[PDB]
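Residue numbers (the entry's author numbering), protein chains in the order written: chain A, 889 to 938; chain B, 789 to 1610, 1618 to 1682; chain A', 1088 to 1137. A prime marks a further copy of an entry chain.
Right under this line is the structure:
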């Protein structure tokens, strides 16, 4: 016996930006993200450029 | 309506009263208006229970002028869509000696409703502009799984035309008309098989078999199992794709995305793909064939008789090669290998259950190998064979479900109803009338006259001059709108919208789709069209030869304007304009039937004009005439195609000149009009010739002055009919000389077609089944036409115009009733509220999503730089948006 | 009677515009790095190599 399924996409509950993202985009506007170093990373373990 | 007394004809409306334009809104002519009168059915009922196989005639008692009463008299329905391909001769079935009828269409882009970009495309452009601050290649979301670069290209450089969807819906309705024939015989009229071959009798016991490319004569099997186009004689190509990047560079501008709103069914999705492929390529892709068991008049001989549907002969030029882009199963990188491509399809295309031969043979059920990046060899199929394999599997109920899924993306109710109107106008067809003294006549079996036929517009249909495929092309008969692939791509994905493209709260199609009763109804919708066109032509006295040469004639100048304004050959500000006098026929239809014809919009600078099927014919055809008993042509009359009982028994209001002769009632019978109406009798140098009371200008013209023609008068036309309806008239000149036009053998008038009778029926008597209203007045060389009697033959009719005497005429014994224009399930009552709000929300659904600009703004680097802030969207101005204005 | 291929020269192809025979293009660096000193560093450094 076999079963099959189709995907759909989810526009319900659109996301809201955190203060963190808003301050980062703000820094992109006032700077060119030029303040940051080659090796800067968050506590999470990803670098800031990403 | 039928007059009961002379008071009723005398008080009938004038022709100018009914050709006035009217302002009120009106319901569509569904054809049930005739069904209530000529049939048993009163309410909705199973077509099989009703045996509408035997419900195909006008029936009733008739009264003779000599005073006898005939019972169960009959008149046939004039129209049909079937062209016989084998014919009975000498009680034996035999092949046709005559070449097949063909139709040609004009197809062009025109302006429609103004269009506008949706909220969702403003979203996509905001995504690109916000990306531009980064080093990262992911510009925008990839809608419904299509590649994001493809959404980026589809969402650019919109055309200001709007979108039509008309040619698509036509092809779908032509095919629905063809497959509709396949239901059981109890639900199709017998008369439909014997409008042309009156010697054949179809059997009720088996359903007709619809097939493809089978015809015995004149090369009409267009390749057979190795199909080619009936008109082009070539073969197409079709190729399927997951992304636009694999499409060859020569034709990337022509590609069509296939929306996934269709293909949502558990079954019949690959079939939906084939059907969608059919609705956007050239038509016909093959010649379809109806085959029906039939027998001789005695019921002795029996055989399978071959017919060609008219819908399968009418040409609508489109693309021959094409490229479709299949929806992806999940967002993912484009395939680099074959298996990755085959695994990724949402619906994987395959051949239908019918094998084909030739180069690239197709096995039944054969699957397609998807194209992919870096592929060693591009793959495609011939398209005529791909459409061939599925051709025998399409049917009415699946087209209904398909069309219902299509309904939820875009408006298709009004557009389909208009394309259906065009279907009926190009497909229903009647044979030319035969002159006689009595009630019935027909031409010789398997003759050129037997098969010569005409449109509801009184124009003859052209024939093929050589074996199929046709090396060359006929002049176009009518012009339709085309559907552009680019704007189709923008609208199918939700990037754009217009007022005609809005989904409708019914979420449903017109009643005609999905019914087995459809053929009968389509057959009945052609009648009003002819009633209006014949009133149009008979209001004036021009003869068929004069119409036949009118366009180029330089004998008279008015005749030229007259021909020139009846067709669509004007444009303005980039768009099509309706024939100036077609509006008159449109006006007549509304005033006479109290219904409204379907129409499309055209935008002229942004103003909307309506266009009905009456206003889009093209010049070049020949007008309908009648034949003699020997088959010689007769030119003297106005064009005619149907008997006038059809005209006068199915109207709410009728022009005075066309009414029936009233019944005998004691002393009083029929009556005329005289000098007290402002009329005058015409006399010439010859004392043994007399013509009726006629308009006073008639005394001072023998040739009409250049720039002028005969006027509307209803009373003079009436006396003209009273003169003709005596069995001995002369069609002559002011001086009594012969006119150039061919005239019938003396005392004869054209009469309706003969069909075999059922037990208990009687044939129509006398002039009870004849056109009468065709009174000639305008000769080809510019002379007036008069109707003359000798003096002695003149006395009673003149006193009858004076209302001192009475004329004796036959009539039908029938009453007047004209119906008003007019279901919840328990489940529907359970759910009615939720349906009422959701339907309201779908009307605004557009390209809408719950996220607003105010939410997306928070996610931006700089709100002021957003194109949505600096370019809020507007509806496009027409013909073009402003570019480089002087500051 | 006599089919064959035939050559045409577009009018757009012959119009003369501009004069910049030589040019230098500065290309985005996908990583936050100091200016390259070797060849391989410069190759790896670019947003997409020409």
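The beta-carbon is built from N, C-alpha and C at its ideal position, and this holds for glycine as well.
- Rounded to whole angstroms, residue 1213/B and residue 818/B show a C-alpha spacing of 14 Å.
- Membership of residue 1129/B in any beta strand (DSSP E) is not indicated; the residue belongs instead to the alpha helix (DSSP H) covering 1126-1131.
- Beta-bridge pairing by DSSP links residue 1517/B to no other residue.
- Interface criterion not met: the Cβ of residue 920/B is under 8 Å from no Cβ in chain A.
- Residues of chain B whose Cβ lies closer than 7 Å to the Cβ of residue 936/A do not exist, since the nearest Cβ in that chain is about 14 Å away.
- For the C-beta of residue 890/A, not a single chain B residue is nearer than 8 Å; the gap to the nearest is close to 13 Å.
- Rounded to whole angstroms, residue 1041/B and residue 1170/B show a C-alpha spacing of 20 Å.
- With the criterion set as a beta carbon lying under 7 Å from some beta carbon of chain A, the stretch 1032-1060 of chain B has no members that meet it.
- Within its own chain, the residues whose Cβ lies closer than 8 Å to the Cβ of residue 1142/B, once the five positions on either side in sequence are excluded, are 1152, 1176, 1177, 1178, 1179, 1180, 1181, listed in chain order.
- Residues of the stretch 1653-1674 of chain B with a C-beta less than 9 Å from any C-beta of chain A: 1653, 1654, 1655, 1656, 1657, listed in chain order.
- Within the same chain, and ignoring the five residues on either side of residue 1319/B in sequence, the residues whose Cβ sits closer than 6 Å to its Cβ are 1435.
- Taking 8 Å as the cut-off, the Cβ atoms of residue 1209/B and residue 1401/B count as close.
- Residue 1667/B sits exposed, since fewer than 16 C-beta atoms from the chains shown fall within 10 Å of its C-beta.
- Under a criterion of Cβ atoms nearer than 7 Å, the residues of chain A adjacent to residue 1644/B are, in order, 899.
- Residue 1405/B is bridged by DSSP to 1266/B.
- Relative to residue 1228/B, the option among 863/B, 804/B, 1682/B, 816/B whose CA is nearest is 863/B.
- In the DSSP assignment, residue 1207/B falls within the unbroken alpha helix (DSSP H) covering 1201-1215.
- When C-alpha distances from residue 1253/B are compared across 1417/B, 1535/B, 1361/B, 887/B, the shortest belongs to 887/B.
- If you draw a 10 Å sphere on the C-beta of residue 1195/B, you find 16 or more other C-beta atoms in it, and that means buried.
- With respect to residue 1225/B, residue 1431/B sits apart: the two C-beta atoms are not nearer than 8 Å.
- Per DSSP, the unbroken beta strand (DSSP E) holding residue 1538/B starts and ends at 1537-1539.
- The C-alpha of residue 1046/B lies about 19 Å from the C-alpha of residue 946/B.
- The alpha helix (DSSP H) runs lying completely inside the stretch 1498-1578 of chain B and spanning 4 residues or more are 1502-1512, given in chain order.
- With contacts defined as CB atoms closer than 8 Å, residue 994/B and residue 1284/B fail to qualify as a contacting pair.
- Under the Cβ distance rule, residue 1167/B does not count among the residues neighbouring chain A, no pair being separated by less than 8 Å.
- Sequence-distant Cβ neighbours of residue 1315/B in its own chain, meaning closer than 7 Å and more than five residues away, are 822, 1434, 1438.
- Judged by DSSP secondary structure, residue 1360/B falls within the beta strand (DSSP E) whose first and last residues are 1358-1360.
- Selection 1327/B, 1022/B, 1488/B evaluated against residue 1499/B yields 1327/B as nearest (Cα-Cα).
- Pairing residue 938/B with residue 1032/B, the inter-Cα distance amounts to about 7 Å.
- Taking all protein chains in view, the Cβ of residue 1573/B is crowded by 16 or more other Cβ atoms within 10 Å, so the residue is classified as buried.
- Counting along the chain, residue 1277/B sits inside no beta strand (DSSP E); it lies in the alpha helix (DSSP H) bounded by residues 1273-1280.
- In the DSSP assignment, the residues bridged to residue 999/B are 1077/B.
- DSSP places residue 1174/B in the helix class (H, G or I) of the three-state scheme.
- Taking a C-beta distance under 8 Å as the contact criterion, residue 873/B and residue 987/B do not qualify as a contact pair.
- In the structure shown, residue 1028/B adopts extended strand secondary structure according to DSSP, grouped into three states.
- Within 7 Å of the CB of residue 1120/A', the CB atoms of chain A belong to 926, in sequence order along the chain.
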